[PDB]
Amino acid sequence: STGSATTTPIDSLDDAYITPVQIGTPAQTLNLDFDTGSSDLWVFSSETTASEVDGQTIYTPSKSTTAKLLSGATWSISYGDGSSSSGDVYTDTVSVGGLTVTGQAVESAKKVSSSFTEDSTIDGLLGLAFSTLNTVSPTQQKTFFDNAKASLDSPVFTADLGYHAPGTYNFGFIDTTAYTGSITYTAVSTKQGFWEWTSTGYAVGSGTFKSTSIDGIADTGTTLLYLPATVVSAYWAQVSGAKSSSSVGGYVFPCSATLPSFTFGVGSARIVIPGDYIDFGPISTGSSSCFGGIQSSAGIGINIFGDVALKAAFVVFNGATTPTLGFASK
Ligand SMILES: NCc1ccc(C(F)(F)F)cc1
Ligand SMILES: NCc1ccc(C(F)(F)F)cc1
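Definitions and cut-offs
Residues numbered from 1 in each chain as written, not as in the entry; some residues may be left out. Chains lettered and ligands numbered in written order. Heavy atoms only, no water. Residues with missing side-chain atoms left out of burial classes, pairs and counts. Pairing = 2+ DSSP bridges. Helix = DSSP H or I, 4+ residues; strand = E, 2+ residues; numbered from the N terminus. Axes fitted to C-alpha atoms, helices over the stretch in contact; angles between N-to-C directions. Contact = heavy atoms within 4.5 Å. Near = heavy atom within 4 Å. Polar contact = N/O pair within 3.5 Å; in protein donor to acceptor, adjacent residues only side chain to side chain. Areas by Shrake-Rupley, 256 points an atom, 1.4 Å probe, with all protein chains shown as cover. Nonpolar A, V, L, I, M, F, W, Y, C, P; charged D, E, K, R; others polar. Domains from an automatic or database assignment. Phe/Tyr/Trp six-rings, centres within 6.5 Å; stacked < 30°, edge-to-face > 60°. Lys NZ or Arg CZ within 6 Å of the ring centre and 35° of its normal. Disulfide = S-S within 2.5 Å. UniProt positions renumbered as here; feature names shortened; annotations may be inferred. Buried < 20%, exposed > 50% of the residue type's maximum accessible area, 1.4 Å probe, protein only. Salt bridge = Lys/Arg side-chain N within 4 Å of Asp/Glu carboxyl O. Core = buried A, V, L, I, M, F, W, Y, C linked by side-chain atoms within 4.5 Å.

Engineer: So, the sheet that holds strand 17 (residues 262-266): which residues are in play, and what are the values?
Structural biologist: In spatial order, the strands read 18-17-12-13-22-14-21; together these 7 strands make up an open sheet with mixed pairing. Taken across any chain shown, the strands that pair with only one partner, and hence form the sheet edges, are strand 18 (269-273) and strand 21 (294-296). Adjacent strand axes in the sheet meet at a mean angle of 45°, parallel and antiparallel pairs treated alike. As paired elements, strand 17 and strand 18 share 5 bridges and run antiparallel to each other. Residue pairing for strand 18: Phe-262 is matched across the bridge by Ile-273. Contacts from helix 3 (residues 229-236) reach strand 12 (196-204), strand 13 (210-218), strand 14 (225-227), strand 17 and strand 21, with the element oriented near 140° to strand 21.

Engineer: Quick one: what's the story with the site of ligand 2, residue by residue and with numbers?
Structural biologist: Taken together, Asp-33, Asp-35, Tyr-79, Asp-81, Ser-83, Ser-115, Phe-116, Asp-119 and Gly-221 make up the full set of residues adjacent to ligand 2. Within the backbone of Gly-221, one N or O atom sits 2.9 Å away from a nitrogen atom of ligand 2. Within the complex, 82% of the 320 Å² of free accessible area of ligand 2 lies under protein. Listing elements by their share of the shell around ligand 2, those giving two or more residues are strand 3 (28-35) and helix 1 (114-117). Of the residues belonging to the shell around ligand 2, the class tally is 2 nonpolar, 3 polar and 4 charged.

Engineer: Tell me about the site of ligand 1, residues and numbers included.
Structural biologist: Near ligand 1, the surroundings consist of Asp-35, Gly-37, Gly-80, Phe-194, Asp-219, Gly-221, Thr-222, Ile-300 and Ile-302. Between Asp-35 and ligand 1, the recorded distance is 2.8 Å, taken from a side-chain N or O atom to a nitrogen atom. Contacts to ligand 1 include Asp-219, whose side-chain N or O atom sits 2.6 Å from a nitrogen atom. Burial of ligand 1 by the protein chains amounts to 79% of its free accessible area of 320 Å². Split by residue class, the shell around ligand 1 holds 3 nonpolar, 4 polar and 2 charged. Looking at which domains feed residues into the shell around ligand 1, each of domain 1 (5-174) and domain 2 (175-330) supplies at least three.

Engineer: Go over the domain arrangement of the protein chain with me, naming the residues and quoting the values.
Structural biologist: We note that the domain assignment places domain 1 (5-174) and domain 2 (175-330) within the protein chain. Listed as interface residues are 30 residues of domain 1 and, on the opposing side, 34 residues of domain 2. Every element with two or more residues in the side of domain 1 that touches domain 2 is listed here: strand 3, strand 9 (156-160) and strand 10 (167-171). Examining the composition of the side of domain 1 that touches domain 2, we find that 5 residues originate from one element, strand 9, more than from any other. Per-class residue counts for the side of domain 1 that touches domain 2 are 18 nonpolar, 6 polar and 6 charged.

Engineer: Just give me the short version of the packing of aromatic side chains, but keep the residues and values in it.
Structural biologist: Tallying each qualifying case throughout the model produces 25 aromatic pairs. Linked through ring pairs, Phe-34, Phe-130, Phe-144, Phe-145, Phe-157, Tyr-169, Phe-171, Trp-195 and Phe-317 together constitute an aromatic cluster. Against the face of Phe-209 rests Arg-270, its NZ or CZ located 3.9 Å from the ring centre. Directly above the aromatic system of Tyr-277 lies the positively charged group of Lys-311, at a separation of 5.6 Å from the ring centroid.

Engineer: Quick one: what's the story with the sheet that holds strand 15 (residues 243-245), residue by residue and with numbers?
Structural biologist: Reading across from one edge, 15-16-20-19 is the order of the 4 strands in this open sheet, with antiparallel pairing throughout. For this open sheet the edge positions go to strand 15 and strand 19 (279-282), each flanked by a neighbour on one side alone. Strand-to-strand, the axes of this sheet are offset by a mean angle of 40°, without reference to chain direction. Judged from the 3 bridges that link them, strand 16 (residues 250-254) and strand 20 (residues 289-292) form a sheet pairing that is antiparallel. Looking across to strand 20, one finds that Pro-254 is bridged to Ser-289.

Engineer: Any chance you could break down the UniProt feature "disulfide bond" in the protein chain for me, citing the residues and the numbers?
Structural biologist: Inspection of the UniProt-annotated bridge between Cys-255 and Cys-290 gives a sulfur distance of 2.0 Å, within the under-2.5 Å criterion for a formed disulfide. Highlighted residues: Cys-255 in the loop between strand 16 and strand 17 and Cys-290 in strand 20, separated in sequence by 35 residues. We classify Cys-290 as buried; its relative accessible area is 3%.

Engineer: Help me get a handle on the pattern of salt bridges, residues and values and all.
Structural biologist: In this structure the tally under the stated criterion is 5 salt bridges. Across the salt bridge formed by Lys-330 and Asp-160, the nearest N and O atoms sit 2.7 Å from each other. Residue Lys-330 is located in the segment after strand 24 (324-329), and its partner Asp-160 is located in strand 9; the two are separated by 170 residues in the primary sequence. Owing to a relative accessible area of 16%, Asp-160 belongs among the buried residues under this scheme. The structure contains a network of salt bridges with shared partners spanning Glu-47, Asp-88 and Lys-110.

Engineer: Outline the state of the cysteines, supporting the account with residue identities and numerical values.
Structural biologist: Summed over the entire model, instances satisfying the criterion amount to 1 disulfide. At a sulfur-sulfur separation of 2.0 Å, the disulfide partner of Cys-255 is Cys-290. Handedness here is read from the sign of the S-S torsion; for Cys-255 and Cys-290, about 110°, the answer is right-handed.

Engineer: Give me the nonpolar core: which residues, what numbers.
Structural biologist: Grouped together as the largest cluster of nonpolar side chains are 71 residues, with contacts concentrated most on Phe-171, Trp-236, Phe-262, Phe-264, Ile-273 and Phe-327. Top element by residues in this core is helix 3. It accounts for 4 residues. Counting residues domain by domain, this core receives three or more from each of domain 1 (5-174) and domain 2 (175-330). Leave out the neighbours within four places in its chain, and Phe-327 touches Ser-182, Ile-183, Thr-184, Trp-197, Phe-264, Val-266, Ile-271, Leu-310, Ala-313, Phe-314 and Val-315.

Dropping the structure here:
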């Protein structure tokens with residue numbers, strides 16, 4: 001079997017993407033943030049503290065005839081930006097774009113951090129990293145992808161994120177009309193639970209390509225591109241007036257400047273990120289300082305190929321027994 005769902009940016013800056021997901025019987029449709037950097041499927045629910053809910057659609061397990069409480073199970077997660085949530089665990093039927101999994105662990109939030117409450121458009125997260133990162137205790141739970149793997153035509157899913165436009169998540173097949181050229185596959189390390197791979201180098205604008213190994217993770221749940229300080233400094237040095245601002249927390253640049261493109265290597269292939277993808281707009285309403293989409297990973301401890309990079313490509317997450325990542329131009 002296969003599944004296909006449209007994913008839509010939540011705002012004009014592509015800060016995140018939401019995808020409709022059907023949970024329960026009869027279906028309750030929630031818009032979830034598909035996150036290849038985590039492994040929990042958690043939702044706002046009827047059990048969430050009422051003051052912590054501001055416009056989200058909530059999952060109500062008591063209205064689903066297939067929902068079962070997973071006796072004694074709890075979950076608690078903290079994200080790399082300081083966000084967190086926690087609660088209990090149901091199992092229920094979950095469908096994405098026609099692809100149905102029965103008995104999927106649905107983690108019901110009793111408490112969410114402020115950053116989720118303020119994001120009225122995101123009803124929860126659907127984790128697509130490896131199941132070793134799932135936070136359910138005492139019995140660890142499998143991701144939607146892991147549960148679907150057996151019945152998929154091919155154990156893959158693909159991410160085709162749009163620039164200021166809708167995109168597609170496909171499960172179980174590779175749409176050969178959605179990219180140009182060939183797909184370049186590269187090895188994945190699962191040792192930390194992430195879709196971790198090694199980029200073969202980078203170039204700034206029309207400069208020389210610098211061959212150098214950048215280890216990092218493919219993360220649809222992170223907005224920006226976080227790279228080593230040496231790389232990020234070489235990029236922003238080509239932008240007149242750009243500087244690192246401690247009060248803002250990263251590189252900013254004059255909104256009137258034109259940004260150079262950024263190229264990253266995948267084996268012998270090259271993925272080019274247009275300079276416009278790196279503009280994240282004014283730091284405050286009316287400001288003439290704009291926030292950059294390429295930032296240093298020094299404070300984070302790991303390099304992150306977030307949406308800024310992934311939306312420049314067609315990306316194959318190949319969950320075969322030896323996992324690989326595929327990149328194609330589009
Ligand atoms: N998108 C989920 C996620 C969030 C944070 C991290 C970090 F910061 F720990 F690397 C990885 C993955
Ligand atoms: N990387 C996971 C993640 C995804 C979304 C959010 C936000 F934006 F909703 F707070 C935080 C963390």
